[PDB]
Structure formats: C-alpha cells, structure tokens
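*Asks:* Pasting a structure below so you can have a look.
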Ligand SMILES: Cc1cc(C(=O)NCC[C@H](O)C(F)(F)F)on1
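Residue numbers (the entry's author numbering), protein chains in the order written: chain A, 1833 to 2069; chain B, 1 to 152, 170 to 317.
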C-alpha cells in the first residue's frame, strides 16, 4: 500500500526502487494575448525518477514538441509520464528493473498501473510523504539541461554526488529532502546559503558544493533555520 | 399456462416467484404455483422463516420440462426436481388444482414488468453461467461467488459471469493505454461484443440476469457484475445507438422494480454518478436518469 513515516526505512533496503515525480512534466507560462485573453506557452519539462539507495536522478527531459496539437495536456502529461517510466523499466535488464515504483502524486497511480500491466510483479505505490521533488528545477545544472534541450532526451545526475562514500543512504536522502524543501520554501535564501562562501566549489561532475562533513552540518542547520524562518514569515510566529 | 407443484411445505418459508412473494406456514397444506406465463424464464425463490440467512432459488423455463418442488429434510431446503413421467405430473397437477391448493401467478394484464426485466435472458445462457448440466434448471443463492471473485473457492458452485476488468491486458491494447482506459469502446465493441458475447442481446441478457440475482438473492458478486457491465457501456464513447436506447429501458425497469429499502446496498454511488453525470453517455439515459433522480436523489 502507501509509503509513509511508519515504513520510511524501506526506502533504503536492498530492493531496487524509483520515486517518480511528475510535477515538472507539463510546465507553462501564462500570459495575455493581444486581444486581452489569456493563453499558455509550454516550456520544457522533466520526469524526476530517483533511486533512493545511490542518489542517481534519472531525468527524462520532456520537450515542448510532445504537446503540439494535443488536448487536455495536464491529463496527457500523466500518461506520458507513465509511458516514459514504463519504457525505462523495459530498457533495463531484468535484475536492474525496480521492484516497486512509488509515485509522489496519487493521480499517477492508474496511468502507471495501466502502462505497467506487462510487469504484474512490480508494485505501484502511493505515498503519504510530502516530498519536495518539485524543487528539482531549482538545481541549476538540472534546470540548465532541461531548458537547453532541443529534442526529447534522457540525462542523469547521481543526485547525492559522492556523499555515499561518507554517509548512508538514509542520511543522504534526508540531506537531499532538506535541501529541496529549503529551495522550495525560499529559493533565493536557500541558494545564497549554498553559495555564500566563494571558496567551496561545485565540481564539474557534481550538482552540489564540495562541503566538508563539518560544513554540511553548518549548511544543514542553516537550511532548517530558513525553513523555520519562512514558516514564521508565512504564519507570523 | 404452466404449473410448478409442491409435494408439501413442511417448513415456514417466504416463497418468491419472479417479482411476487407470499408467506406459507409450517405444515400448511400448500401445493404450488399455477398459471405461470409461458415464454419467459422464471425464478422461484425461498427464504426460510427460521433462518433468513441464505436466500436461494431456481431459474427455470417450463417449456423445457415439468418441474416440481420437494422439501429435503436432510439438506434442509426446498429442491427443484424434474418429473419425467408426464402422465404422473399431469395427474398430480390436476388433482392439486381441483382441490384449490395453489397460488395463481398474479400477473396484471397491463403489466410488462417481468418481460421488461428478462427481455434478453435465455435459459440456455443461464445454464452456462450456472454449471450443473444434469438439470434443466439452475440453482442460485446469496453466498455463491463469481469466477472473478474467486481469482482475487469451490468452482462447481460458482457464477461464471464474463470477467470484466478495466485494468487488464484484455481491456487495454499495447500502445493504446490512455486511449483504451479513458474510452472503453474497443473493449466493449471488439473484445466483448464481437469477441465474447457475439451480440448485444447476449450482453444484455447477462446484465439482466446479474441484476436479478443481486436483487432476489442479495448476491454481491452479481451486483458487481451488473455495475461493471453498465460502466463498460457508459465509459465507451462509441456505442451503437440502439444499444444505448435499449440500455436506458433496461435500467429504467430495474430501477423501477428495486425495493426502495435495498437501494443503499444494491446501488453503487460511484458507478451511477459517473454513468449519469460524467461519462460519455451522461446524456443518453434520459429515462433512467429521471427515475433515479426522483426515486433515489440521495445516492446522487
Ligand atoms: C399465501 C398463500 C395462499 C395459498 C394457497 O394455497 N391459496 C389457495 C387457496 C387456499 O388454498 C385456500 F385456503 F384458500 F383455500 O398458499 N399460500
């Protein structure tokens, strides 16, 4: 059934599994027309299909041409998400296929179940966790590859960089979700924190800065403050 | 006009014959039902006074044999049997009729209710859903499970309704996943109508039989089947016009006959709201929508 706070450690066991987040698949800007009506212009999007045990973010870039001449795009986006996830499970050799796919939004369940009928042994699960994966497009290197794409493309990022050399998957996922929740609540502040000090750099092959263990503790504390801060700025506490 | 004699009535029982019901007292000198209309299937059904658990009954067509009821004190139920000695049967029936020991099938001339509920129901198709080949009539009860229910346990006592499953490879063409799931026309028209049922008459027959088993026996799997067969049509954008018009008449008479007090258990809110208000056919079932809105406006 559903994945929640009670069964949180299941994410880090030795079944291969993928979180699928569809919140950035269909992206638009809303604007006025010359006649004063409103219209949308789609921009490139992405499916966020992440591996909890290694930090690998398997980003399928959704190019705006996939919407051309289509209707009911928010509904189609869920089916396109499911089609592309299914195509990834099939490309994979068998021992590498995930065992479970957890969707971050319940509206993805039926589309994914239908597309995965050929895989009756892969469990399709919802979650009660409010995961901040929508903020993935606040990671500069991910946003850049999505916006630059001229055609459909699959581009990967171990989203944990090299953290697993020093920390466990549980701790890596907790750091990732803290960083992303921060970026989601106040992207400017969050990014200031991450880049305030010009001596800590992001390696060319990484997404996040090369913080020491001690610096990560400082960073992580600042992100908690920012989140608590914004939670006061928001509710006046 | 045919007759189903009873050897006796040793236990107090509510007896149904089609949409009619009457009470018979323990050891009442009652010897059966006469004046049964020829040309339709019929159901004779039972609820014991001492144990309302297990409604049970028999589907039959008097054109296929001479049938009677006899209580079995070992198995504790009224059993239908066939009498092969036609002369014995005629002699028994004539005596019981002469002694006025029969209820008369109480059909009003104006009344087409039973025809309208069984228009497409054929005994030969009932006997393929309910498999007991040595008898010409078919036993059904409240507890019998369906083949689909059993896939999710005695196969010989199962209701072999056609399996309908909207999230199944049978229902969904590879490469048409969104199309087939959101518009079920290919599953309705190609897989089920052309492939399995052969024609809409057989589809409606099974739909009507499922409803009647739900209504008369409280058979939960039959109710599931009836709603699934409605939903499959309502969720298809392309349905022959004669089928939609006939479905509206079918459902109207089913809704008209349903006891007011059983609507809570026999009607699935999601299916009906979806079919009447959101589906492709939300504007194609005028008679059914009108009776539902006037008789069960709470459900909606
Ligand atoms: C009710 C219900 C009605 C009957 C029945 O057999 N009625 C026929 C006439 C009855 O034999 C007599 F009493 F008036 F003579 O059996 N159950």
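The beta-carbon is built from N, C-alpha and C at its ideal position, and this holds for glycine as well.
#1: Quick check: the segment 108 to 115 of chain B against the segment 214 to 224 of chain B, are at least 3 beta-carbon pairs closer than 8 Å?
#2: With distances taken between CB atoms, is the gap from residue 1921 (chain A) to residue 1954 (chain A) smaller than 9 Å?
#3: Considering only the beta carbon of each residue, do residue 177 (chain B) and residue 146 (chain B) sit closer than 9 Å?
#4: Is residue 22 (chain B) near ligand 1, judged by its Cβ being under 8 Å from some heavy atom?
#5: So, is the C-beta of residue 2030 (chain A) closer than 9 Å to a C-beta in chain B?
#6: Is residue 30 (chain B) closer than 9 Å to residue 93 (chain B) when the C-beta atoms are compared?
#7: In chain order, what residues of the segment 1901 to 1912 of chain A put their CB closer than 9 Å to some CB of chain B?
#8: Can you look up residue 72 (chain B) in the DSSP assignment and give me helix, strand or coil?
#9: Please list the residues of the segment 170 to 188 of chain B that have a C-beta atom closer than 8 Å to any C-beta atom in chain A, keeping them in chain order.
#10: So residue 2005 (chain A) packs on residue 1884 (chain A), CB below 8 Å; how close in whole Å?
#11: Please report the distance separating the alpha-carbon of residue 1903 (chain A) from that of residue 2007 (chain A).
#12: Can you give me the Cβ contacts of residue 1874 (chain A) inside the same chain, cut-off strictly under 8 Å, excluding the 5 residues immediately before and after it?
#13: Is the distance from the Cβ of residue 25 (chain B) to the Cβ of residue 3 (chain B) below 9 Å?
#14: I'd like to confirm something about residue 30 (chain B): is its beta-carbon nearer than 8 Å to some heavy atom of ligand 1, or not?
#15: Just to confirm, does residue 100 (chain B) get its C-beta within under 8 Å of one of the non-hydrogen atoms of ligand 1?
#16: Give a yes or no on whether the C-beta atoms belonging to residue 89 (chain B) and residue 80 (chain B) are separated by under 9 Å.
#17: Is the separation between the beta-carbon of residue 140 (chain B) and that of residue 59 (chain B) shorter than 9 Å?
#18: Suppose only complete runs of 4+ residues qualify. What are the alpha helix (DSSP H) ranges in the segment 1903 to 1986 of chain A, listed by chain order?
#19: Quick check for students: name the residue ranges of the beta strand (DSSP E) that lie wholly in the segment 27 to 100 of chain B, counting only runs of 3 or more.
#20: Output yes if chain B places a C-beta closer than 9 Å to the C-beta of residue 1949 (chain A); else output no.
#21: Select from B:260, B:101 and B:118 the residue whose C-alpha is nearest the C-alpha of residue 230 (chain B).
#22: Out of curiosity, what's the CA-to-CA distance linking residue 2025 (chain A) and residue 1846 (chain A)?
#23: With 9 Å as the threshold, decide whether the Cβ of residue 1946 (chain A) is near any Cβ in chain B.
#24: Is residue 286 (chain B) buried or exposed, if buried means 16 or more other CB atoms sit within 10 Å of its CB?
#25: What separation, rounded to the nearest whole angstrom, lies between the Cα atoms of residue 122 (chain B) and residue 150 (chain B)?
#26: Between the segment 2008 to 2024 of chain A and the segment 1942 to 1960 of chain A, do at least 3 Cβ pairs fall closer than 8 Å?
#27: For the beta strand (DSSP E) holding residue 1859 (chain A), just list the boundary residues, first then last.
#28: Measure the Cβ-Cβ separation of residue 1853 (chain A) and residue 1974 (chain A) and say whether it is below 9 Å.
#29: Run through DSSP, which three-state label would residue 2050 (chain A) get?
#30: Check whether the Cβ atoms of residue 275 (chain B) and residue 284 (chain B) sit closer than 9 Å, and answer yes or no.
#31: In the DSSP output, which residue or residues are listed as bridge partners for residue 1853 (chain A)?
#32: Counting along the chain, where does the beta strand (DSSP E) carrying residue 20 (chain B) start and finish?
#33: Hey, is residue 1942 (chain A)'s beta-carbon within less than 9 Å of any beta-carbon in chain B?
#34: Does any CB atom of chain B fall closer than 9 Å to the CB of residue 1914 (chain A)?
#35: My guess is that residue 297 (chain B) and residue 240 (chain B) are in contact by the Cβ rule of under 8 Å, so how many angstroms apart are they, rounded?
#36: Are the Cβ atoms of residue 1881 (chain A) and residue 1844 (chain A) separated by less than 9 Å?
*Replies:* Reading from the atomic positions:
#1: These segments do not touch.
#2: Against the first chain, residue 1921 (chain A) aligns to sequence position 89. Against the first chain, residue 1954 (chain A) aligns to sequence position 122. With respect to residue 1954 (chain A), residue 1921 (chain A) sits close: the two C-beta atoms are nearer than 9 Å.
#3: Position 160 of the second chain, counting from 1, holds the residue named residue 177 (chain B). Position 146 of the second chain, counting from 1, holds the residue named residue 146 (chain B). Cβ atoms of residue 177 (chain B) and residue 146 (chain B): closer than 9 Å.
#4: Looking up residue 22 (chain B) in the second chain gives position 22. For ligand 1, at least one heavy atom lies less than 8 Å from the Cβ of residue 22 (chain B).
#5: For the purposes of this step, residue 2030 (chain A) is taken as the residue at position 198 of the first chain. No, no contact with chain B.
#6: Position 93 of the second chain, counted from the start, is the residue given in the question as residue 93 (chain B). Position 30 of the second chain, counted from the start, is the residue given in the question as residue 30 (chain B). No, the pair does not count as a contact, with Cβ atoms beyond the cut-off.
#7: Hits within the stretch, in order: 1907, 1908, 1910, 1911 and 1912.
#8: Here residue 72 (chain B) refers to the residue found at position 72 when the second chain is read from its first residue. Under the three-state reduction of DSSP output, residue 72 (chain B) falls in the strand class.
#9: With the criterion set as a beta carbon lying under 8 Å from some beta carbon of chain A, the members of the segment 170 to 188 of chain B are 184, 185 and 186, in sequence order.
#10: Here residue 2005 (chain A) refers to the residue found at position 173 when the first chain is read from its first residue. Here residue 1884 (chain A) refers to the residue found at position 52 when the first chain is read from its first residue. Confirmed, Cβ separation roughly 6 Å.
#11: On the first chain, residue 1903 (chain A) is found 71 positions in, with the first residue counted as 1. On the first chain, residue 2007 (chain A) is found 175 positions in, with the first residue counted as 1. Cα to Cα, residue 1903 (chain A) sits roughly 39 Å from residue 2007 (chain A).
#12: The residue you call residue 1874 (chain A) lines up with position 42 of the first chain. Excluding sequence neighbours, residue 1874 (chain A) sits near 1858, 1859, 1860, 1896, 1899 and 1905.
#13: Residue numbering aside, residue 25 (chain B) sits at position 25 when the second chain is read from its first letter. Residue numbering aside, residue 3 (chain B) sits at position 3 when the second chain is read from its first letter. Their beta carbons are not under 9 Å apart, which means residue 25 (chain B) does not touch residue 3 (chain B) by this criterion.
#14: Within the second chain, residue 30 (chain B) is the residue found at index 30, counting from 1. Between ligand 1 and the CB of residue 30 (chain B), the shortest heavy atom gap is smaller than 8 Å.
#15: Taking the first residue of the second chain as 1, we reach residue 100 (chain B) at position 100. True, at least one ligand heavy atom lies under 8 Å from that Cβ.
#16: Taking the first residue of the second chain as 1, we reach residue 89 (chain B) at position 89. Taking the first residue of the second chain as 1, we reach residue 80 (chain B) at position 80. Not closer than 9 Å, so no.
#17: Position 140 of the second chain, counted from the first residue, corresponds to residue 140 (chain B). Position 59 of the second chain, counted from the first residue, corresponds to residue 59 (chain B). For the 9 Å CB-CB criterion, residue 140 (chain B) and residue 59 (chain B) form a contact.
#18: As for any alpha helix (DSSP H) of minimum length 4 sitting wholly inside the segment 1903 to 1986 of chain A, the runs are 1905 to 1923, 1941 to 1947 and 1972 to 1980, ordered along the chain.
#19: Counting only runs of 3 or more, we get 32 to 36, 42 to 48, 56 to 60, 67 to 72 and 77 to 82.
#20: Sequence index remark: in the first chain, residue 1949 (chain A) carries index 117 (1-based). Yes, contact with chain B.
#21: Numbered from its first residue, the second chain carries residue 230 (chain B) at position 213. Comparing Cα positions, the closest option is B:118.
#22: On the first chain, residue 2025 (chain A) is found 193 positions in, with the first residue counted as 1. On the first chain, residue 1846 (chain A) is found 14 positions in, with the first residue counted as 1. In this structure, the straight-line span from the alpha carbon of residue 2025 (chain A) to that of residue 1846 (chain A) is close to 34 Å.
#23: Here the question's residue 1946 (chain A) lines up with position 114 in the first chain. Answer yes: the Cβ-Cβ gap between residue 1946 (chain A) and chain B drops below 9 Å somewhere.
#24: Reading the second chain from its first residue, position 269 is the one you call residue 286 (chain B). Looking at its Cβ environment, which holds fewer than 16 other Cβ atoms inside 10 Å, residue 286 (chain B) is exposed.
#25: Position 122 of the second chain, counted from the first residue, corresponds to residue 122 (chain B). Position 150 of the second chain, counted from the first residue, corresponds to residue 150 (chain B). Distance between the alpha carbons of residue 122 (chain B) and residue 150 (chain B): 25 Å.
#26: No contact exists between the segment 2008 to 2024 of chain A and the segment 1942 to 1960 of chain A.
#27: For the purposes of this step, residue 1859 (chain A) is identified with residue 27 of the first chain, where counting begins at 1. The continuous beta strand (DSSP E) containing residue 1859 (chain A) extends over residues 1859 to 1864.
#28: Counting from 1 along the first chain, the entry for residue 1853 (chain A) is found at position 21. Counting from 1 along the first chain, the entry for residue 1974 (chain A) is found at position 142. No. Outside cutoff.
#29: For this step, residue 2050 (chain A) is matched to residue 218 along the first chain. Reduced to three states, the DSSP call for residue 2050 (chain A) is helix.
#30: Here the question's residue 275 (chain B) lines up with position 258 in the second chain. Here the question's residue 284 (chain B) lines up with position 267 in the second chain. Contact: yes.
#31: Mapped onto the first chain, residue 1853 (chain A) falls at position 21. When beta bridges are read from the DSSP output, residue 1853 (chain A) appears opposite A:1880.
#32: The sequence position of residue 20 (chain B) within the second chain is 20, counting from 1. In this chain, the beta strand (DSSP E) harbouring residue 20 (chain B) covers 20 to 24.
#33: Mapped onto the first chain, residue 1942 (chain A) falls at position 110. At a cut-off of 9 Å between C-beta atoms, residue 1942 (chain A) counts as an interface residue with respect to chain B.
#34: Locating residue 1914 (chain A) in the first chain gives position 82, counting from the first residue. At least one CB atom of chain B sits nearer than 9 Å to the CB of residue 1914 (chain A).
#35: Translated into the one-based positions of the second chain, residue 297 (chain B) becomes position 280. Translated into the one-based positions of the second chain, residue 240 (chain B) becomes position 223. Incorrect: roughly 23 Å between the Cβ atoms, too far for contact.
#36: Against the first chain, residue 1881 (chain A) aligns to sequence position 49. Against the first chain, residue 1844 (chain A) aligns to sequence position 12. Contact: no.
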